[PDB]
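Okay, so here's the structure we're looking at.
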There are 10 protein chains.
Amino acid sequence: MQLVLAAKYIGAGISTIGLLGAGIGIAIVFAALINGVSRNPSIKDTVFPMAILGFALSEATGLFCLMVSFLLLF
Amino acid sequence: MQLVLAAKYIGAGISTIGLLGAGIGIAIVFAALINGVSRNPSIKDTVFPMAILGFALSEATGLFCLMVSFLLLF
Amino acid sequence: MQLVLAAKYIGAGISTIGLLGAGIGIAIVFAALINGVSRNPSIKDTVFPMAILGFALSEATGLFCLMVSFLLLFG
Amino acid sequence: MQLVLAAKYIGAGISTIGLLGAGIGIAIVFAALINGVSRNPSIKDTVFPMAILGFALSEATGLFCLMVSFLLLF
Amino acid sequence: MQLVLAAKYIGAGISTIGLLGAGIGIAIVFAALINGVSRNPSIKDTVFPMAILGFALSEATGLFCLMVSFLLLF
Amino acid sequence: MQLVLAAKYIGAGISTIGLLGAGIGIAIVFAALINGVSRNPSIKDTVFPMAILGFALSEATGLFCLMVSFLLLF
Amino acid sequence: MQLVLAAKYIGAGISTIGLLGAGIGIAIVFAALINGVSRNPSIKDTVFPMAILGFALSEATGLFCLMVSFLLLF
Amino acid sequence: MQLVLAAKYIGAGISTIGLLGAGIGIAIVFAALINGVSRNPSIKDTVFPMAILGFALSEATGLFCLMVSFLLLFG
Amino acid sequence: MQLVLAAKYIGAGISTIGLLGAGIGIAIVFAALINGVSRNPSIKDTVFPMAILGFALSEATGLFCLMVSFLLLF
Amino acid sequence: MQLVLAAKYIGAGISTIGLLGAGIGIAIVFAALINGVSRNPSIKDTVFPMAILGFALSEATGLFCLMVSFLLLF
């Protein structure tokens, strides 16, 4: 049991690595939003919902990693 | 039995690392969408479905990783 | 045989890491498609099949990874 | 008990790797803010709250990593 | 002989990591092809063979990884 | 107690990896500052405080890594 | 002798990771070739040998990795 | 005590990995400096001190890594 | 001796990882050369020696890694 | 004594991974040099020393890694 528990904990730590993708990804979406609005302010109401969708989908991948982490911890 | 179970849990954590590619890839697609629409609002109905296809195919690679993760966990 | 089995499962996990390349690559191809069409809408029918070929070739590298993963899991 | 404790401390260290994602992502958001404002100073009041939101969401991913780290440590 | 076999299977999995380089590289080549053709449609016949060559040479690096993988697996 | 101490020192080293995110992110912010000022010198006073804020927030992610490192070291 | 053999096979797998560098690098060279020729078709005969040289030198780095792999295997 | 010593040396090695960030970051700052000056030579005296500050802050992250490395090697 | 030899071999494999930097770096230099010459063919004789220096310096870092590999192997 | 020596050699190999940052960073500097000179040949005497400074400081980070590698080896 102690070896299995040990592995659960190492596994949980490893499972957070993939969240780096969402950290970068969310930023890339928001960077495009800012650059898009700066170049064409009139487009703001069109691209803002696209940014919200983009960030939500990128974030979802990190949440998949976190779910695995929590399953290993709990 | 103990060591094998330990390995499954370590393996499950490692199998989520690949999800970072989808986290970044989804963002790259949505960034291109936002930048393309800002530069040419008239093209939005054409490029929006391309973004959905792009996102889905990128996400599919992360779902393959998750698949292996859940096979190892369960 | 516990050691060998343990190694198969760890190895199977490690074998999925390379799929991040297809995750990023497929996105890069589709981003170029979107930016290309935005800049020159008339080129769509020319570049769309290029993007399909591009995606499929990038994805194949990831499917090689997954193939090794399944060989370790099941073979 | 030594084995589980060992795993907690190694897991806690591994759990910080994902913070590199927020390190880079936060920067990408602020780079976009600076480049967007330099190109179009009049847009500053519009894009600045977008940058705050982008930073916060990217930062959150790194906070989920740190959460797992602190769970493993404490 | 169990330790050696274990090592072969660990080694085989590690040997697939480098395939990420071809996944990204093949995409980079196709991205340039699409962007080049969009900017200058008349150049299509000239640059398409360049893309095929670039793709093949990038893919070859992944195939060297896969070769080592299968040497280790079998 | 030797295994646990070993784990702390391994964990402490692993905990510095995430600092690469701040090394790159701080540079990305300063790169945008330099490029923004080169393109529009009149904007210097506006964007410099944005760069300071972006740098601090990126650096904070590395400082969270270093915090875990020192918790493990001492 | 089992321990040394094990290390040779794990070392051989690790030795292929560096090939991702050539995978990406070769692609970067060919992307530049395609973009340069699309922008200026008349320059093709000048830049094509530059691309062959660039590819070869980037590829060489991956070959040094494969060399170590084959030394460890054989 | 062999195990603890072994761990110090492995840990010291691992602690240098983060220096790749300063390697890349310092370069990024200097590239921006070069491109900024090329595009607008008159801005040189304004942006050169920004690049020095930028490099030094990026490098500090790597020096934190190396600090942990030396603590493990010698402390 | 067998454990030390085992470690030499793992160490050698790990020491090739850093060559990925030269693989990418050499390519980035050659990409700039190609793009520079395409935009301004008249500059070719000026930037070609800069490219040779750039690639040589980037390559040197990979050669440092390879030297460590060889010291561990021989 | 055996395990400690084993660790020094594994540690020495790991300590070269960081050199990839210098491999990439040196290239990024020289790419900017080439692109800046191509766009504005008249600035070459000004930006060339900036490139040398940039390269040296980037290379210094890789030399720090190598330093640790040689301390572990010798």
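Please note that chains go A, B, ... in the order of the structure tokens, that every chain numbers its residues from 1, and that ligands are numbered from 1 in the order shown.
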
Nearby residues (only C-alpha atoms) at most 9 Å from segment 37-39 of chain B, same-chain spacing under 6 positions excluded, as a PDB file with C-alpha atoms, in the first residue's frame:
```
ATOM      1  CA  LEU A  33      -7.461  39.660 -28.961  1.00  0.00           C
ATOM      2  CA  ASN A  35      -3.501  42.883 -31.134  1.00  0.00           C
ATOM      3  CA  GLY A  36      -6.716  42.448 -33.157  1.00  0.00           C
ATOM      4  CA  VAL A  37      -8.568  45.189 -31.246  1.00  0.00           C
ATOM      5  CA  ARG A  39      -5.430  47.210 -35.274  1.00  0.00           C
ATOM      6  CA  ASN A  40      -9.195  47.376 -35.778  1.00  0.00           C
ATOM      7  CA  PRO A  41     -11.074  48.707 -32.714  1.00  0.00           C
ATOM      8  CA  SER A  42     -14.426  48.398 -34.519  1.00  0.00           C
ATOM      9  CA  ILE A  43     -14.061  44.557 -34.497  1.00  0.00           C
ATOM     10  CA  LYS A  44     -13.996  44.290 -30.668  1.00  0.00           C
ATOM     11  CA  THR A  46     -16.943  40.283 -32.910  1.00  0.00           C
ATOM     12  CA  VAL A  47     -13.593  38.942 -31.675  1.00  0.00           C
TER      13      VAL A  47
ATOM     14  CA  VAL B  47     -12.628  31.011 -41.555  1.00  0.00           C
ATOM     15  CA  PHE B  48     -14.764  30.266 -38.464  1.00  0.00           C
TER      16      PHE B  48
ATOM     17  CA  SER C  38      -8.075  35.988 -44.616  1.00  0.00           C
ATOM     18  CA  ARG C  39      -5.373  37.728 -46.699  1.00  0.00           C
TER      19      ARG C  39
END
```

What does chain G look like after a least-squares fit onto chain D on every Cα paired in order, written as an mmCIF file with C-alpha atoms, in the first residue's frame?
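And here's out-v4.cif as it stands now:
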```
data_model
loop_
_atom_site.group_PDB
_atom_site.id
_atom_site.type_symbol
_atom_site.label_atom_id
_atom_site.label_comp_id
_atom_site.auth_asym_id
_atom_site.auth_seq_id
_atom_site.Cartn_x
_atom_site.Cartn_y
_atom_site.Cartn_z
ATOM 1 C CA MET G 1 6.277 5.925 5.735
ATOM 2 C CA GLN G 2 9.750 7.104 4.477
ATOM 3 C CA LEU G 3 8.756 6.009 0.961
ATOM 4 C CA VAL G 4 5.465 7.970 0.961
ATOM 5 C CA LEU G 5 7.152 11.080 2.435
ATOM 6 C CA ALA G 6 9.891 10.869 -0.207
ATOM 7 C CA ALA G 7 7.238 10.731 -2.940
ATOM 8 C CA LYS G 8 5.399 13.730 -1.501
ATOM 9 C CA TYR G 9 8.567 15.840 -1.680
ATOM 10 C CA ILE G 10 9.551 14.729 -5.186
ATOM 11 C CA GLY G 11 5.927 15.149 -6.327
ATOM 12 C CA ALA G 12 5.860 18.658 -4.829
ATOM 13 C CA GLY G 13 8.966 19.641 -6.841
ATOM 14 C CA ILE G 14 7.611 18.178 -10.100
ATOM 15 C CA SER G 15 4.329 20.071 -9.477
ATOM 16 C CA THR G 16 6.104 23.421 -9.936
ATOM 17 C CA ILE G 17 7.301 22.717 -13.515
ATOM 18 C CA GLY G 18 3.917 23.732 -14.970
ATOM 19 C CA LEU G 19 4.448 27.261 -13.576
ATOM 20 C CA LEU G 20 6.759 27.924 -16.536
ATOM 21 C CA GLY G 21 3.512 28.110 -18.569
ATOM 22 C CA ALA G 22 2.191 31.085 -16.587
ATOM 23 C CA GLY G 23 5.715 32.632 -16.594
ATOM 24 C CA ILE G 24 5.692 32.696 -20.402
ATOM 25 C CA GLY G 25 1.941 33.289 -20.832
ATOM 26 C CA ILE G 26 1.737 36.345 -18.572
ATOM 27 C CA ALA G 27 4.636 37.813 -20.566
ATOM 28 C CA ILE G 28 2.915 37.126 -23.916
ATOM 29 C CA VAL G 29 -0.181 39.034 -22.704
ATOM 30 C CA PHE G 30 1.876 42.058 -21.588
ATOM 31 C CA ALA G 31 3.930 42.016 -24.808
ATOM 32 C CA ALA G 32 0.694 42.209 -26.801
ATOM 33 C CA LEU G 33 -0.526 45.075 -24.577
ATOM 34 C CA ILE G 34 2.709 47.043 -25.171
ATOM 35 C CA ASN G 35 2.765 46.375 -28.922
ATOM 36 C CA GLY G 36 -0.950 47.191 -29.301
ATOM 37 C CA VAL G 37 -0.652 50.468 -27.370
ATOM 38 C CA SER G 38 2.529 51.501 -29.290
ATOM 39 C CA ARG G 39 0.700 50.976 -32.607
ATOM 40 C CA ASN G 40 -2.538 52.638 -31.448
ATOM 41 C CA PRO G 41 -2.177 54.727 -28.233
ATOM 42 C CA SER G 42 -5.888 55.732 -28.337
ATOM 43 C CA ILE G 43 -6.897 52.083 -27.671
ATOM 44 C CA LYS G 44 -5.129 51.864 -24.281
ATOM 45 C CA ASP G 45 -8.275 52.113 -22.066
ATOM 46 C CA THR G 46 -9.990 49.376 -24.077
ATOM 47 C CA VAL G 47 -7.180 46.787 -24.163
ATOM 48 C CA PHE G 48 -5.777 47.269 -20.650
ATOM 49 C CA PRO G 49 -8.671 45.414 -18.920
ATOM 50 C CA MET G 50 -8.303 42.688 -21.583
ATOM 51 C CA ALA G 51 -4.667 42.324 -20.534
ATOM 52 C CA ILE G 52 -5.647 42.125 -16.822
ATOM 53 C CA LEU G 53 -8.186 39.368 -17.629
ATOM 54 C CA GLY G 54 -5.686 37.495 -19.856
ATOM 55 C CA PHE G 55 -2.975 37.649 -17.192
ATOM 56 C CA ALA G 56 -5.359 36.464 -14.463
ATOM 57 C CA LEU G 57 -6.579 33.453 -16.478
ATOM 58 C CA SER G 58 -3.045 32.398 -17.530
ATOM 59 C CA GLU G 59 -1.865 32.911 -13.916
ATOM 60 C CA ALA G 60 -4.712 30.690 -12.625
ATOM 61 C CA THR G 61 -3.163 27.661 -14.432
ATOM 62 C CA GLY G 62 0.080 28.171 -12.501
ATOM 63 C CA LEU G 63 -1.924 28.527 -9.298
ATOM 64 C CA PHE G 64 -3.556 25.103 -9.882
ATOM 65 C CA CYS G 65 0.009 23.659 -10.150
ATOM 66 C CA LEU G 66 1.048 25.415 -6.904
ATOM 67 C CA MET G 67 -2.132 24.108 -5.222
ATOM 68 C CA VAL G 68 -1.079 20.501 -5.941
ATOM 69 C CA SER G 69 2.471 21.316 -4.734
ATOM 70 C CA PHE G 70 1.161 22.676 -1.411
ATOM 71 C CA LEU G 71 -1.227 19.707 -1.006
ATOM 72 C CA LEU G 72 1.741 17.347 -1.449
ATOM 73 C CA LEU G 73 3.955 19.361 0.924
ATOM 74 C CA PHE G 74 1.395 19.937 3.684
#
```

May I have a table of the residues of chain C lying at most 6 Å from chain B, giving each one's closest pair of atoms and their distance in Å to one decimal, counting only C-alpha atoms, ordered by chain and ascending residue number, as a tab-separated table?
```
residue	atom	partner	partner_atom	distance
C:2	CA	B:4	CA	5.9
C:6	CA	B:4	CA	4.7
C:9	CA	B:8	CA	5.7
C:10	CA	B:11	CA	4.5
C:13	CA	B:15	CA	4.5
C:16	CA	B:65	CA	5.7
C:17	CA	B:18	CA	4.5
C:19	CA	B:18	CA	5.6
C:20	CA	B:21	CA	3.9
C:23	CA	B:21	CA	4.5
C:24	CA	B:25	CA	4.4
C:26	CA	B:58	CA	5.8
C:27	CA	B:25	CA	4.7
C:30	CA	B:54	CA	5.4
C:31	CA	B:29	CA	5.0
C:34	CA	B:47	CA	5.7
C:35	CA	B:36	CA	5.5
C:38	CA	B:36	CA	5.1
```
